[PDB]
């Protein structure tokens, strides 16, 4: 489930060829990785900034963080349509493979690999209506010290903020989410509601698991590093992941 979703996510990212893309961690968290949402990077307390930071969802958006409002309207358009499954092999010993084996109650009966097949259908791109206006607000606004995330970020040096600016999602019939503020898009001829991932034991075709990826689910996203300066002003920069 959560590992088989990661298979879908990794497959899309490997096919897209964009280095900046980050994977969405689970289906349940999808809504937290839409444009204008805020993510946090916290570097593990054990490691001395010698490990990649851990990226964590938050419930906040940019407007929860700015002293003055800012345009929150988003748009979505079709990005790619996969007409064939994305096929890979996962070794049972890898992190993903052990996670998958957890779902097989009696084990995989000696299988050393899982054959994974991800049918993604139509994937769409969500983004702000006018990224220029949002960047302009970042130049002009200040951070609300009232905000608890803002306070914690300004007092701690190990909390770093990220601003999601673009998200690749599996298609939906209408609005991708109800919580975010979407322009009314179009009813294009696309594949909706058929995204599915399967994993099969290498040594038993009848030993498989399968998850549906619900319409609208975010698969991957790109974000900008968001710095809060000591005078509460802001600055965004392009990240790499």
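Numbering follows the first chain given and starts at 1.
Annotation for 146-154 versus 104-112: the higher mean temperature factor (C-alpha) is found in 104-112. With 64-72 and 41-49 compared on mean CA B-factor from the PDB entry, the stretch scoring higher is 41-49. Looking only at 59, 31, 193, 35, the residue with the top Cα B factor in the deposited structure is 193. Highest C-alpha temperature factor among 180, 183, 212, 26, as the PDB entry reports it: 183.
Placement of the Cα temperature factor of residue 189 within the chain: highest third of the modelled residues, per the deposited record.
Residue 11: CA B factor lies in the middle third for its chain, per the PDB record. In the PDB entry, a CA B factor belonging to the highest third of its chain's modelled residues is recorded for residue 173.
For residue 236, the recorded CA temperature factor ranks within the lowest third of the chain's modelled residues.
Residue 225: CA B factor lies in the lowest third for its chain, per the PDB record.
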